[PDB]
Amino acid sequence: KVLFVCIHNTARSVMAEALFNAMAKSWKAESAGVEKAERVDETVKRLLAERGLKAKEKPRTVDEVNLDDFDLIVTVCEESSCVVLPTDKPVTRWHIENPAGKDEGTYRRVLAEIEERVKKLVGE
């Protein structure tokens, strides 16, 4: 399995997970965040449900998760601030626009990029 981690873990983290799982046959996916959050984005769960996908029930901080369990932790970084995690394990970095607040169609645009990237990533 792979781990999609972003900062607040409410949208992107959750999007990549759901899309990954709908495309991967053997690999599975989970998500985590650097900081706490109460709810998963409503725009996201709507957008995923519109695609027949259920987002994660509740954001889970990366602290409540033992990283070594994963075999590829993909990190969804900001425009210029990729967070590093405590693992000599394999980890990539995806610079993806933060849809938060922007709402509107920007979320869908973010969804698509994540999809183009997950699709490509699911090559292996």
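Residue numbers run from 1 along the displayed sequence.
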item: Stretch with the higher entry mean CA B-factor, where the candidates are 31 to 39 and 80 to 88; value: 80 to 88
item: Stretch with the higher entry mean CA B-factor, where the candidates are 89 to 97 and 55 to 63; value: 55 to 63
item: Within-chain third of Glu113 by Cα B-factor, per the entry; value: middle
item: Third of chain Cα B-factors occupied by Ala22; value: highest
